[PDB]
Amino acid sequence: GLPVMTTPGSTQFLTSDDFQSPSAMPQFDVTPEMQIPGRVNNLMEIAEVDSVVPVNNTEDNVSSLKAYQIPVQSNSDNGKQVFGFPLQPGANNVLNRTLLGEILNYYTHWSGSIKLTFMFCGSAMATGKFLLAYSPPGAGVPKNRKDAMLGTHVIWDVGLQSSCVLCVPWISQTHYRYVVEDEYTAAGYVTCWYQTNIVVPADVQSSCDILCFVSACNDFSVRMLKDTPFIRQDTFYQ
Amino acid sequence: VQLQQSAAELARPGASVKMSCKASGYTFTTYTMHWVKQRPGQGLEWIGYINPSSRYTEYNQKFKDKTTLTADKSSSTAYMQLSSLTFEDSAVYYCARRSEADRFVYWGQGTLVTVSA
Amino acid sequence: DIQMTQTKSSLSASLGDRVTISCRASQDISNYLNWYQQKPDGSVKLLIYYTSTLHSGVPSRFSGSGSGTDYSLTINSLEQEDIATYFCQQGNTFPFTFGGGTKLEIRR
Amino acid sequence: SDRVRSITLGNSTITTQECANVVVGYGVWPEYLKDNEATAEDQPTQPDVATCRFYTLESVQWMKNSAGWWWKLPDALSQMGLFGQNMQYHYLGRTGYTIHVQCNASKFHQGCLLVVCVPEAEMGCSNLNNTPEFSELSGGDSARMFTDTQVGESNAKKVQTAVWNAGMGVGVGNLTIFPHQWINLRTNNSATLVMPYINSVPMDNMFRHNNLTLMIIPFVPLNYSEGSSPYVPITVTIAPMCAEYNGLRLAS
Amino acid sequence: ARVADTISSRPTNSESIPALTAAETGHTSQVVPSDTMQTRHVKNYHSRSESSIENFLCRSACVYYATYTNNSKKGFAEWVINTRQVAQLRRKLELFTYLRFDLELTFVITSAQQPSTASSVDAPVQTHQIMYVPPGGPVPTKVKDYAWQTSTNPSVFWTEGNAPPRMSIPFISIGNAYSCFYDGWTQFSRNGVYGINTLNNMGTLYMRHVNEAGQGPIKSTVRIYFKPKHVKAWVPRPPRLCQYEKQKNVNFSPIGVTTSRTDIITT
Amino acid sequence: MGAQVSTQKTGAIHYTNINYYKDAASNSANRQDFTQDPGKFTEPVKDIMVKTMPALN
């Protein structure tokens, strides 16, 4: 007859508790383990793999393979804009459904750097130079090459190595940022501009394409697990 | 969460009508949109559907040569055009949103189509 | 196609009575049946999205049964708001074929 | 140089003069079954020169309006020499592969392929109530092709071959989580993948389970000016690695 | 599990190129922001503890709920155990191809009064029975059946008003891991069924009232909650894009990859 | 015989845990096994390529 006293919070079902419970099948012998290749220990190495991002959503390319192709041609003026999108990996519909944006929609906060690899899938006799800028917020989106050269940028020269990594840094006031669309924790804009033209020889197609990849750096982190908004149900599956 | 259709229409035999079913409360480009015809002396009858994301329509074998289903992304509506109207095309037309494979959970209120002189 | 036939087409029972509406198919549809209810002002809603699995928001007077070719729908206590038209719909083969109507009324 | 390879397996050799590096599995190399993990009690057969060699499948043409191709490859080698004969007389079997996709073009063409090797690819049917049949899922050493449109639901047992959903109902851009390479016609010329045995059981019957699927999807389509060669073929050679079999019986 | 911190950088003019790589090799670039710009030396204290496999999956989620009526013949529920009738637990488990975990069941049983006709009903507290039948055992066909003796079948009894019941089930399987996908058939002749239903033999779960129908019918409802413990996961996989349609297979309707914007330069 | 799993989750303190049951499939969740190996998904490449060197020699 030990005298105890039950506290508030008794006989409740909290869905995230770590308690012990009596087993239904005592002395059960499990099947022994096996070295299966590809064991994942953390979800932050699924978000560190490159995945193609659909930059070209123009209301009829989303149900096609044209969403991933960025059109690049041989121009007749200087400093034209290639693409542009704000940096929201959980709310903006460009980076929403990638391999990184589908893990960020299970969590609430995120923090870290983001790599952006571009591959030039054109002809072997084509040349060109591009400017890959990133502007922190406070001003608007840059509208000229002169306004975009004042931020964090890199000048990509195509050649033998057909890829260039623009790694955006972690510039913020807070330690974390919200996954959902917020004005207080905005992150900025990512643009692309022609540095020089695309010069091709004769009998070479002047319209080339560019693929873009996106992953996370080695200092990425997430917090406060929640439910995803991309799945839905009305009745049971049967 | 509801769907709202157009008003009751009236057309000459041989003319064409265009109904609509505006969806609200959910993401329009996720679920397919179906159209059911109900003559007043018979049961329900299926016509076809349209995938609003890829703009792919598939009709029944009877209503292929008359009906045409379109949709748009901005106003979140789904249209349907009936052509070469005859006297048996006077019925009530519903719009439904297909849930898991074989059940429709949300319906419209239906428009009344009649042909006369 | 699969011909979904209801030979009833009209039913009459008093208040507080147990009714039964049956729908018979052409071939075996393997428990893929749905029951709908059409109110007299034009509104249609889903009642039972399986052979016997009730939809959310439907009162517990409704219950389904059946297996194979012959099926059923049962209301154990008829109320005043249950006077409507009931359809059966199969979901096994293309296209979706609906059954005939079944209107309910008062006995005397 | 880092652009030249040479793979020797049995009595067959594959050389290449411009290429990227090779991708090996999930970090592991194919090896035999150890005594800790074996469950069968009879002695296996390890021929290892008659079955571990390069088998060349049929070629496909890369058109301008091409959507993609796919093989299964325990089934693609079911009629290939002595690998397909040990598969019939034995009940069990495990193996790893090495895959070499090769497609050459000049300096005046452009394009980009995604060579991805996925495990356990359940494909979806066109009609939502049925499952696809065997002849639509895999052909013996002949490619099954995706489409750039959606197969209608009036077809009873046919695979849904919308290419942007990759046939499995996932985003086609997220297929880079599996072991993969790209064939960029600007730089690359051939892709090489080495795959171990990936399964939840130590051995499996090779005739009712296809534990791999090789998909080739053109992201940037082929384009050339008038005058260049319009016929560009794609050839796939697969070689088993560390194959062994148990359970000898009649022919089936 | 602390994350890596950035180091100090200097202005360089050299022949080393960290930004230029080759993505055709199937190898993601390992650059950090201290190679493309000047950075200061910060030290991170951020941890990756919440993105682990154990913290991601070990949370309770409902899988099914079934009802049964007291004053009714053949009023009792059954459920073949599978984890693919819901939308949210099915999507989390299908990020990996093979899993291996222990379970932790929890049942939430409610009740509701039905419109009887006897004046001044008064019922005592109710007792429920939840029997688990392994694949191959004899099943009950009515309520007052002999099969509810539970000679070897584990079952649980629960009186209304207490804490909910909770068991724990080890890794029950024939193979070395649970399989979420199976590209193959059951028959050796490659006919009939095809998909994941070939490996699903976890068993059946039966529910009933113990008390007899005194004066008024009572309709109960039991919700079932899964909680994976000691989770190991292999072979990651891209997440599901299209909506689920059926339970036994992976059939789908095609959909766009994202939602569309009006231009390529619009923000 | 109580286990000294003491190190709690704290930002930048002990606790005690005893197992009462006879089955190892009835304990609490692990929740503190922090292991990382991203090199099998990000670098599945036979010949090791350095970051500063060009990738295609």
# chains A, B, ... in the order shown; residues from 1 in each chain; ligands from 1
>>> interface_residues(of="chain D", to="chain C", cutoff="8 Å", atoms="only C-alpha atoms", output="PDB file with N, CA, C and O atoms, in the first residue's frame")
ATOM      1  N   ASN D 127      -7.018   2.042 -67.224  1.00  0.00           N
ATOM      2  CA  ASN D 127      -8.272   1.931 -66.497  1.00  0.00           C
ATOM      3  C   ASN D 127      -7.970   1.801 -65.013  1.00  0.00           C
ATOM      4  O   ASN D 127      -7.114   1.007 -64.616  1.00  0.00           O
ATOM      5  N   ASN D 129      -9.485   0.542 -62.491  1.00  0.00           N
ATOM      6  CA  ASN D 129      -9.859  -0.650 -61.747  1.00  0.00           C
ATOM      7  C   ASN D 129      -8.968  -1.844 -62.040  1.00  0.00           C
ATOM      8  O   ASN D 129      -8.897  -2.759 -61.214  1.00  0.00           O
ATOM      9  N   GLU D 153      -9.047   6.072 -70.661  1.00  0.00           N
ATOM     10  CA  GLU D 153      -9.510   5.045 -69.740  1.00  0.00           C
ATOM     11  C   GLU D 153     -10.408   4.008 -70.394  1.00  0.00           C
ATOM     12  O   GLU D 153     -10.885   3.106 -69.701  1.00  0.00           O
ATOM     13  N   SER D 154     -10.654   4.106 -71.699  1.00  0.00           N
ATOM     14  CA  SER D 154     -11.442   3.085 -72.374  1.00  0.00           C
ATOM     15  C   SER D 154     -10.655   1.801 -72.580  1.00  0.00           C
ATOM     16  O   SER D 154     -11.260   0.740 -72.761  1.00  0.00           O
TER      17      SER D 154
END
>>> residues_around(residues="residue F:45", least_positions_apart="6", cutoff="12 Å", atoms="only C-alpha atoms", output="list in words")
residues 20, 21, 22, 23, 24, 25, 26, 27, 28, 29, 179, 180, 181, 192, 193 and 194 of chain D; 24, 25, 26, 27 and 28 of chain E; 39 and 55 of chain F
>>> select_by_dssp(residues="stretch 49-116 of chain E", states="strand (DSSP E)", output="ChimeraX atom specification")
/E:61-69,77-80,96-102,106-113
>>> closest_atom_pairs(of="chain B", to="chain A", cutoff="9 Å", atoms="only C-alpha atoms", output="CSV")
residue,atom,partner,partner_atom,distance
B:53,CA,A:63,CA,6.8
B:54,CA,A:63,CA,5.3
B:55,CA,A:63,CA,8.8
B:73,CA,A:59,CA,8.1
B:99,CA,A:234,CA,7.0
B:100,CA,A:237,CA,7.1
B:101,CA,A:237,CA,8.9
B:105,CA,A:234,CA,7.9
>>> residues_around(residues="residue F:50", least_positions_apart="3", cutoff="10 Å", atoms="only C-alpha atoms", output="PDB file with N, CA and C atoms, in the first residue's frame")
ATOM      1  N   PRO E  18      36.062  25.993 -58.209  1.00  0.00           N
ATOM      2  CA  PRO E  18      35.056  25.226 -57.467  1.00  0.00           C
ATOM      3  C   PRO E  18      33.655  25.371 -58.024  1.00  0.00           C
ATOM      4  N   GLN E  30      29.715  19.614 -54.193  1.00  0.00           N
ATOM      5  CA  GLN E  30      29.923  19.710 -52.755  1.00  0.00           C
ATOM      6  C   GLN E  30      30.432  21.077 -52.329  1.00  0.00           C
TER       7      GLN E  30
ATOM      8  N   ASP F  47      35.607   6.806 -59.051  1.00  0.00           N
ATOM      9  CA  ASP F  47      36.847   7.564 -58.926  1.00  0.00           C
ATOM     10  C   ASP F  47      36.558   8.892 -58.241  1.00  0.00           C
ATOM     11  N   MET F  53      39.476  20.726 -58.401  1.00  0.00           N
ATOM     12  CA  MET F  53      39.934  20.280 -59.705  1.00  0.00           C
ATOM     13  C   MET F  53      38.776  20.270 -60.699  1.00  0.00           C
ATOM     14  N   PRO F  54      39.064  20.356 -61.999  1.00  0.00           N
ATOM     15  CA  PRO F  54      37.996  20.194 -62.992  1.00  0.00           C
ATOM     16  C   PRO F  54      37.476  18.767 -63.021  1.00  0.00           C
ATOM     17  N   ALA F  55      36.172  18.636 -63.264  1.00  0.00           N
ATOM     18  CA  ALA F  55      35.528  17.331 -63.164  1.00  0.00           C
ATOM     19  C   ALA F  55      35.822  16.453 -64.372  1.00  0.00           C
TER      20      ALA F  55
END
>>> residues_around(residues="residue E:204", least_positions_apart="2", cutoff="9 Å", atoms="only C-alpha atoms", output="NGL selection string")
:E and (78-81 or 131-135 or 139 or 201-202 or 206)
>>> write_last_selection(atoms="N, CA and C atoms", output="PDB file, in the first residue's frame")
ATOM      1  N   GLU E  78     -15.039  -5.980 -38.765  1.00  0.00           N
ATOM      2  CA  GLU E  78     -13.804  -6.664 -39.106  1.00  0.00           C
ATOM      3  C   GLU E  78     -12.974  -5.762 -40.003  1.00  0.00           C
ATOM      4  N   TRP E  79     -11.668  -6.010 -40.021  1.00  0.00           N
ATOM      5  CA  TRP E  79     -10.755  -5.183 -40.803  1.00  0.00           C
ATOM      6  C   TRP E  79      -9.507  -5.987 -41.111  1.00  0.00           C
ATOM      7  N   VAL E  80      -9.209  -6.163 -42.394  1.00  0.00           N
ATOM      8  CA  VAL E  80      -7.949  -6.766 -42.808  1.00  0.00           C
ATOM      9  C   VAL E  80      -6.863  -5.710 -42.674  1.00  0.00           C
ATOM     10  N   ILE E  81      -5.810  -6.029 -41.924  1.00  0.00           N
ATOM     11  CA  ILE E  81      -4.855  -5.015 -41.497  1.00  0.00           C
ATOM     12  C   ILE E  81      -3.953  -4.617 -42.656  1.00  0.00           C
ATOM     13  N   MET E 131     -10.539  -8.674 -30.887  1.00  0.00           N
ATOM     14  CA  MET E 131      -9.795  -9.907 -31.104  1.00  0.00           C
ATOM     15  C   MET E 131      -8.962  -9.803 -32.373  1.00  0.00           C
ATOM     16  N   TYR E 132      -7.740 -10.320 -32.313  1.00  0.00           N
ATOM     17  CA  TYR E 132      -6.827 -10.342 -33.448  1.00  0.00           C
ATOM     18  C   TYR E 132      -6.683 -11.778 -33.923  1.00  0.00           C
ATOM     19  N   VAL E 133      -6.937 -12.008 -35.205  1.00  0.00           N
ATOM     20  CA  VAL E 133      -6.893 -13.340 -35.794  1.00  0.00           C
ATOM     21  C   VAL E 133      -5.703 -13.394 -36.748  1.00  0.00           C
ATOM     22  N   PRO E 134      -4.688 -14.210 -36.476  1.00  0.00           N
ATOM     23  CA  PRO E 134      -3.573 -14.372 -37.413  1.00  0.00           C
ATOM     24  C   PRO E 134      -4.031 -15.061 -38.686  1.00  0.00           C
ATOM     25  N   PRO E 135      -3.288 -14.914 -39.806  1.00  0.00           N
ATOM     26  CA  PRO E 135      -3.760 -15.475 -41.080  1.00  0.00           C
ATOM     27  C   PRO E 135      -3.791 -16.994 -41.114  1.00  0.00           C
ATOM     28  N   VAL E 139     -12.467 -17.856 -38.014  1.00  0.00           N
ATOM     29  CA  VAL E 139     -13.057 -16.533 -37.845  1.00  0.00           C
ATOM     30  C   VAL E 139     -14.472 -16.664 -37.295  1.00  0.00           C
ATOM     31  N   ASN E 201      -0.263 -10.132 -45.651  1.00  0.00           N
ATOM     32  CA  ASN E 201      -0.916 -11.185 -44.880  1.00  0.00           C
ATOM     33  C   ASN E 201      -0.750 -10.926 -43.386  1.00  0.00           C
ATOM     34  N   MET E 202      -1.025  -9.695 -42.951  1.00  0.00           N
ATOM     35  CA  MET E 202      -0.806  -9.347 -41.549  1.00  0.00           C
ATOM     36  C   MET E 202      -1.898  -9.903 -40.642  1.00  0.00           C
ATOM     37  N   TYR E 206     -11.100  -8.200 -35.242  1.00  0.00           N
ATOM     38  CA  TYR E 206     -12.537  -8.263 -35.008  1.00  0.00           C
ATOM     39  C   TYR E 206     -12.923  -7.488 -33.757  1.00  0.00           C
TER      40      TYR E 206
END
>>> interface_residues(of="chain D", to="chain E", cutoff="6 Å", atoms="only C-alpha atoms", output="VMD selection string")
chain D and resid 20 to 21 120 to 122 124 to 125 128 169 to 170 174 180 to 182 200 to 201 208 to 210
>>> write_last_selection(atoms="C-alpha atoms", output="PDB file, in the first residue's frame")
ATOM      1  CA  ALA D  20      31.712  10.791 -67.759  1.00  0.00           C
ATOM      2  CA  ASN D  21      32.679   8.792 -64.677  1.00  0.00           C
ATOM      3  CA  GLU D 120      10.662  -1.920 -57.896  1.00  0.00           C
ATOM      4  CA  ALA D 121       8.793   0.178 -60.453  1.00  0.00           C
ATOM      5  CA  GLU D 122       5.109  -0.643 -60.223  1.00  0.00           C
ATOM      6  CA  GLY D 124      -0.072   2.164 -63.339  1.00  0.00           C
ATOM      7  CA  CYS D 125      -2.863   1.053 -65.637  1.00  0.00           C
ATOM      8  CA  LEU D 128      -8.327   2.692 -62.782  1.00  0.00           C
ATOM      9  CA  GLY D 169       2.571   8.765 -60.523  1.00  0.00           C
ATOM     10  CA  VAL D 170       5.594  10.793 -59.391  1.00  0.00           C
ATOM     11  CA  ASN D 174      12.520  13.867 -58.901  1.00  0.00           C
ATOM     12  CA  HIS D 180      21.563   7.968 -62.672  1.00  0.00           C
ATOM     13  CA  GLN D 181      23.665   9.728 -65.280  1.00  0.00           C
ATOM     14  CA  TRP D 182      23.032  12.119 -68.144  1.00  0.00           C
ATOM     15  CA  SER D 200      14.203  -7.607 -49.175  1.00  0.00           C
ATOM     16  CA  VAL D 201      14.899 -11.355 -49.501  1.00  0.00           C
ATOM     17  CA  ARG D 208       7.651 -13.389 -61.519  1.00  0.00           C
ATOM     18  CA  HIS D 209       9.634 -10.469 -60.072  1.00  0.00           C
ATOM     19  CA  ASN D 210      11.433  -7.698 -61.969  1.00  0.00           C
TER      20      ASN D 210
END
>>> atom_distance(atom1="atom CA of residue D:72", atom2="atom CA of residue D:148")
20.7 Å
>>> closest_residue(among="A:205, A:197, A:81, A:73", to="chain E", atoms="only C-alpha atoms")
A:81
>>> interface_residues(of="chain A", to="chain D", cutoff="10 Å", atoms="only C-alpha atoms", output="JSON, numbers by chain")
{"A": [32, 33, 34, 35, 36, 37, 38, 39, 46, 47, 48, 49, 50, 51, 52, 53, 54, 62, 63, 64, 65, 66, 67, 68, 69, 70, 97, 98, 99, 100, 102, 119, 120, 121, 122, 123, 124, 125, 126, 159, 160, 161, 162, 201, 202, 203, 204, 205, 206, 207, 208, 209, 210, 211, 213]}
>>> atom_distance(atom1="atom CA of residue D:48", atom2="atom CA of residue D:234")
27.9 Å
>>> residues_around(residues="stretch 142-152 of chain A", least_positions_apart="5", cutoff="7 Å", atoms="only C-alpha atoms", output="PyMOL selection string")
chain A and resi 79+133-135+193
